[PDB]
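>>> Generate coordinates for the sequence data below:
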Amino acid sequence: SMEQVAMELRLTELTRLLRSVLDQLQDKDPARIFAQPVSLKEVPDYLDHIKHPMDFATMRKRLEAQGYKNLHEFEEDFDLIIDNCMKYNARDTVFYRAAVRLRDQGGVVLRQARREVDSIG
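Numbers count the residues shown, from 1 in each chain. Please see the structure below:
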């Protein structure tokens, strides 16, 4: 139907906007601490600590399958990146500190992304 196509166009437009949000968020992680999943070879116990792991590569695979229906879904995954890191790692670590900086800097980007998703429907 034409209605299905139109909904598909909206999903595609959202996907384009989220790809740019994701690039902007990832630039706030120049050390690439959050680029890839935590390795179970190198942290074999990781899943005893963290139930829903997340990373920018895994978000990117979801995005390119148009797997985010709205900004809320995408923000949930971003928040998992940060929140997982701040539980597993201690406060005095390079990892925790990188999460805090990503959170603070990403908040600015997401503040305007929320206005752009509302605004352009």
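
>>> Okay, and the most centrally placed residue in the chain sits in which element?
In the chain, the C-alpha closest to the average C-alpha coordinate belongs to residue 78, at a distance of 3.0 Å (Cα atoms, centre = their mean). Using DSSP states H and E, residue 78 maps to helix 71-88.

>>> And that helix, what's buried?
Residues of helix 71-88 classed as buried by neighbour count (16 or more other Cβ atoms under 10 Å): 71, 74, 75, 77, 78, 80, 81, 82, 84, 85, 86, 88. (C-beta placed from N, C-alpha, C; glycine too.)

>>> tell me the contacts of residue 93?
If you count contacts by Cβ atoms under 8 Å, 6 or more residues apart in numbering, residue 93 has none.

>>> Please identify the buried residues of whichever strand or helix holds residue 62?
Element membership for residue 62, per DSSP H and E: helix 56-64. Within helix 56-64, the residues that count as buried by 16+ other Cβ under 10 Å are 56, 59, 60, 62, 63.

>>> before we move on, what about stretch 37-55?
Neighbour counts over stretch 37-55 (16+ other Cβ under 10 Å) mark 38, 50, 53, 54, 55 as buried.

>>> Would you mark the buried spots in the helix or strand containing residue 20?
Following DSSP H and E, one finds residue 20 within helix 2-27. By neighbour count on 16+ other Cβ under 10 Å, the buried set for helix 2-27 is 14, 15, 17, 18, 21, 22, 24, 25, 26.
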